[PDB]
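Quick note: numbers below take in every heavy atom, side chains included, and nothing from hydrogens, waters or symmetry partners. Here is the naming used below: chain letters follow the sequence lines, and residue numbers restart at 1 for every chain.
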Amino acid sequence: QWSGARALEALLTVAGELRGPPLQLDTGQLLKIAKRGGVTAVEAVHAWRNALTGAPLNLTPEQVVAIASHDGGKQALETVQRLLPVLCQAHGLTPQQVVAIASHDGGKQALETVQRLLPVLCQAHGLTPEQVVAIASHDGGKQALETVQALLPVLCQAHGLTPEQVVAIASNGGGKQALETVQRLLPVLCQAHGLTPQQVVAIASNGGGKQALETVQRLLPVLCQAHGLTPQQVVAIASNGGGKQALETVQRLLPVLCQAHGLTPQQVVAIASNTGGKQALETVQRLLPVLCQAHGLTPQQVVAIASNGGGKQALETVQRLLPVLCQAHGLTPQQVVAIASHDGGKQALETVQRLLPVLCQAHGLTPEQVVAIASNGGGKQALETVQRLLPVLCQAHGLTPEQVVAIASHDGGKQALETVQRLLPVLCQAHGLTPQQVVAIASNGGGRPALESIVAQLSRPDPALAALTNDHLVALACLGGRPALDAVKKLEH
DNA sequence: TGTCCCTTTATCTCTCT
DNA sequence: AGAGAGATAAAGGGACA
């Protein structure tokens, strides 16, 4: 019989009990732990079920699942219960930060290393705990933290990096690799190719940073004489997750895309300069003719869909859904292109297909409003949130649907919608802001932290902002959100 | 196999004017 | 508003006990 049979059965037995108290895990959650944490993780969750959710730690199920669904999740679980008290009291971290550290492959290692190295990294190297956390909050955090301790001096002193830059580089998967690669390649990339430290840091500061730097060093000469590319364009291709793949694919497919489809190199760089550029390019080479056939979509329109993270996913999904969205849902081809020309355009298209008739019929929105909500990064999130929150926001909070749509129609709109519903009463009732003012603050990218900034200043006032009126603070918050308020604080000082 | 670490891709959010 | 950066997650491979 098949070997994995016993283990699979074990998985399913134990899994069925976790649908019960104190955890109440759904199928989605249970499957997730099985795939990544394995069977030992699922058994550990059950084993530790009461101990985790109850006092002391008082973790939510989500947090328990977040910790459990990685390699070694059994180990992270045992360690969290051991070290969350220690790190919260002896180092002053919040439980959320502890969970974040725990929620990665080898979580036990990161947590233990943070427990061992946080004092030395703050006292002798002047890092903040938040910086120590960020370094530790990726696979191999243990490696990254140790490598930061070893190399912060020689990176700041012998190579001229600020600690901020070193932290930025370190704070990715394989962080240890990017650090070590920057020690070796920084002089070479700067002195031989005239790259700034800043540019090298941008290349280094992604997952697989080491891979992109070495590939930059290799392909920069070939790309800058044989293809008409500037260093700046190369840097932009490489300064993304999997920049190595993106670069090799730009050498491969630039001439092909140009000659065969009439694209400019500028258009090719744009496609390559997003996470998964390789995937986007190869998908363009294969789908552009298909999309453009019979006076269909223009090239320009295809290039735009391609020119976002996961543009491959966006492209393929357009090709599948362009017919059904236009025919059965009444959307113009131009509208479909707009929904898809953002990160996660695939997700947004699928969510418009699913939710457009519902939001129109059940909530009284127009397809134009639905398109506008969808036409941002995380559009799926904004659309799903409008569906959930329109009734409470309108009925209980006084908002017009037109205002709810305005809040949802920016990157992170789901975050803004949730924050308005959460902070509108205290902001209006307890401090005399008008709803229109709250909506105005929230109808911008970064709507959430802008609203949180305001509530903070009105509930635990910084003197540094006391000269500003509520209306001025509002005017500021609409202008530049949280950053603007924070900048204004620094100025007073 | 369980655990740790690294790399690529996709998606979501906030910044920076 | 569009480009850049950072965050969070899913999934696969190498490594080794």
Check: protein-nucleotides 13-17 of chain C nitrogen or oxygen pairs below 3.5 Å:
none

**Q.** Of residues 478-485 of chain A, the positions that come close to DNA chain B - non-hydrogen atoms, cut-off under 4.0 Å
**A.**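 Of all residues in residues 478-485 of chain A, the ones placing a heavy atom under 4.0 Å from DNA chain B are A/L479, A/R482, A/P483.
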Q) Among residues 307-317 of chain A, which residues get a heavy atom nearer than 4.0 Å to DNA chain B? A)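 Contacts with DNA chain B under 4.0 Å: A/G309, A/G310, A/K312, A/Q313.
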Going by salt bridge (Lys or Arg N to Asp or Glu O under 4.0 Å), name the residues that satisfy it together with [X], two or more places apart in sequence or in a different chain.
X	value
A/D343	none
A/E368	none
A/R82	A/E78, A/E112

**Q.** Protein-nucleotide distance (A/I33, atom CD1; B/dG2, atom P), rounded to Å
**A.**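 Distance, rounded to whole Å: 15 Å.
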Please tabulate, for the side chains in residues 483-493 of chain A, all donor-acceptor contacts under 3.5 angstrom to protein atoms that are two or more places apart in sequence or on a different chain.
none

**Q.** Residue pairs involving residues 238-247 of chain A (criterion side-chain hydrogen bond (donor to acceptor under 3.5 Å, both in side chains); sequence neighbours excluded)
**A.**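 For residues 238-247 of chain A: A/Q211-A/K244, A/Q245-A/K278.
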Q) Are any of A/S273's side-chain N or O atoms less than 4.0 Å away from OP1 or OP2 of C/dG4? A)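 No, A/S273 has no side-chain N/O under 4.0 Å of OP1/OP2 on C/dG4.
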**Q.** Qualifying residues under side chain to side chain contact (heavy atoms under 4.5 Å, CB included), relative to A/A238, sequence neighbours excluded
**A.**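 A/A238: side chain to side chain contact (heavy atoms under 4.5 Å, CB included) contacts with A/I203, A/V216, A/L247.
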Q: Scan residues 198-209 of chain A for pairs that pass salt bridge (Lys or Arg N to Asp or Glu O under 4.0 Å), counting only residues two or more places apart or in two chains.
A: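 Residue pairs with at least one partner in residues 198-209 of chain A: there are none.
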**Q.** Sequence neighbours excluded - salt bridge (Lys or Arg N to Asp or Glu O under 4.0 Å) pairs with any residue from residues 444-457 of chain A
**A.**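 Found A/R448-A/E452.
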Q: Using a heavy-atom cut-off of under 4.0 Å over every strand shown, decide if A/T40 touches base, sugar-phosphate, or nothing.
A: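 Answer is sugar-phosphate: A/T40 comes under 4.0 Å of backbone atoms only.
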Q: Sequence neighbours left out, what passes side chain to side chain donor-acceptor pair (under 3.5 Å) with A/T13? Give chain and number order.
A: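 Result, side chain to side chain donor-acceptor pair (under 3.5 Å) vs A/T13: none returned.
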